[PDB]
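One chain is shown next in structure tokens, namely the form deposited in one PDB entry.
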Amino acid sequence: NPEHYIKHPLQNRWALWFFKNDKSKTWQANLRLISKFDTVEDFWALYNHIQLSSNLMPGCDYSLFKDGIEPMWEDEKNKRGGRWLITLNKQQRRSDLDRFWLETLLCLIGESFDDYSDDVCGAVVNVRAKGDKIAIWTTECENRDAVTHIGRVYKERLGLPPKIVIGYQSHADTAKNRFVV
């Protein structure tokens, strides 16, 4: 009976990355691979072992990306892409940051965007004194149907009311909203 002893494989293998701001080093040198996983059980083992985003020192990031995609604009799968951005105020560090981030992780590993989950590259949480950010990165900023489907599903999974609007920005511009939902 395979069900009783095999781990549950995920559709993709994922890599978790950590960034710590250190002014001595370049941005790329501050980015480090923590580990990879490709089962539900190994996901939770990693998540349960690491700090909540709300407990990270200001200036740190977590990134969860499909194995083979580095969490940087320069990666072949990100250079023509962009991000759905969730901007948090300082009070939301306490109320929403960790629950939004875990919901974002599950959207990725559970492949929650139907046919368009293949357009997903990964997600990033930035812990910053001026206000935290969470973002889902996708591979092609010109694929309007894929980008807007991901954005609408993401907004509903986060539980954001219609009085909130979230925006999608291309990395080429970051390096202006193209879409809003």
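Residues that one form lacks are left out of the comparison. The term rigid core refers to the maximal set of C-alpha atoms that superpose within 1.5 Å between the two forms. Position 1 is the first residue in the sequence shown; the rest follow in order.
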What number of residues from the deposited sequence go unmodelled in the gap from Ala175 to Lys176, classed as none, 1 to 3, 4 to 9, or 10 or more?
4 to 9
Return whichever of 22 to 30 and 58 to 66 has the greater mean Cα B factor according to the PDB record.
22 to 30
Going by the mean C-alpha B-factor recorded in the entry, which is higher: 36 to 44 or 140 to 148?
140 to 148
Ranked by Cα temperature factor within the chain, is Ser53 in the lowest third, the middle third or the highest third?
lowest
Considering every modelled residue of the chain and its Cα B-factor in the PDB entry, is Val165 in the lowest, middle or highest third?
highest
The third of the chain into which the C-alpha temperature factor of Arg99 falls is the lowest
Within this chain, which third does the Cα B-factor at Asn126 fall in: lowest, middle or highest?
lowest
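Another form, the form solved in complex with a partner chain, is not on view; read the next lines as being about it.
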Counting only non-hydrogen atoms, choose the one of 36 to 44, 126 to 134, 143 to 151, 23 to 31 that falls within 4.5 Å of its partner chain in the bound PDB entry.
36 to 44
Counting only non-hydrogen atoms and a 4.5 Å threshold, tell me whether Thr87, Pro162 and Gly167 all contact its partner chain in the bound PDB entry.
no
Is there a heavy atom of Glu111 no more than 4.5 Å from a heavy atom of its partner chain in the bound PDB entry?
yes
Counting only non-hydrogen atoms and a 4.5 angstroms cut-off, does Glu103 reach its partner chain in the bound PDB entry?
yes
Is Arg157 close enough to touch its partner chain in the bound PDB entry, meaning at least one heavy atom pair within 4.5 Å?
yes
If you check in the bound PDB entry, is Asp118 within 4.5 Å of its partner chain, heavy atoms only?
yes
So which segments really shift between this form and the one not shown, if a segment has to be 3 or more residues long and each C-alpha must move 2 Å or more after the rigid core fit?
3 to 5
